[PDB]
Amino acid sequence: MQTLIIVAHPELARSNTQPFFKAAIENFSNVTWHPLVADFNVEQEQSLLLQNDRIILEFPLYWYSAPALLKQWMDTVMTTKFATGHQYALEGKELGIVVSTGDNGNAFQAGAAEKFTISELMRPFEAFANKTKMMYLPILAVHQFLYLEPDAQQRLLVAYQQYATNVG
């Protein structure tokens, strides 16, 4: 199984969370780690999607949604012609989400501070997977990673490895 990780952090070099995560998958030759540039090439992006079986979108939660960089990728790479129309290029591929927040995970539920679960906030991606006939994975939510103890951090890193590689 080939996995493409689309990494959409508009300040990736400054991220302190992402380094632990690249390190966790560096040794899996079937995993393509692919950070976006603002001027990404559509044809190249489409080519990579075609070559992979599990597509993972990896990003920080910015005001309860993906960063503008990922939104631009969605709006320009996922054309009607490619993603739907009479190609449905993504049909049968798996879509996963690795979303990181500074907030405690317990904030994201009814009656708690943010009122809404991560599932509910990620609905646009779920809708996308349904539309494009992809198989939507449970979301890997990464909460307060940099505040966690070493052993808690390691358990999330192991979950991430499995998210990228476990067939699936």
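In case it trips you up, residue 1 is the first one in the sequence shown, and so on.
Participant: Higher average CA B factor in the deposited record is what I'm after, so tell me if that's 152-160 or 14-22.
Facilitator: Between 14-22 and 152-160, it is 14-22 that shows the higher mean C-alpha B-factor.
Participant: Can you tell me which stretch has the higher mean Cα B-factor, 44-52 or 24-32?
Facilitator: According to the entry, 24-32 carries the higher average C-alpha B-factor.
Participant: Using only modelled residues of the chain, where does the Cα B factor of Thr117 rank: lowest third, middle third or highest third?
Facilitator: It falls in the bottom third of the chain.
Participant: Relative to the other modelled residues of the same chain, rank the CA B-factor of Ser100 and answer lowest, middle or highest third.
Facilitator: Middle third - that is where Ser100 ends up once the chain's C-alpha B-factors are sorted.
Participant: Of the three thirds of its chain by CA temperature factor, lowest, middle or highest, which one includes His143?
Facilitator: Answer is highest: the recorded C-alpha B-factor places it there.
Participant: How does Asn166 rank on Cα B-factor within its chain, lowest, middle or highest third?
Facilitator: Top third by C-alpha B-factor.
Participant: So where's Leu57 on the chain's Cα temperature factor ranking, which third?
Facilitator: For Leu57, the deposited C-alpha B-factor lands in the lowest third.
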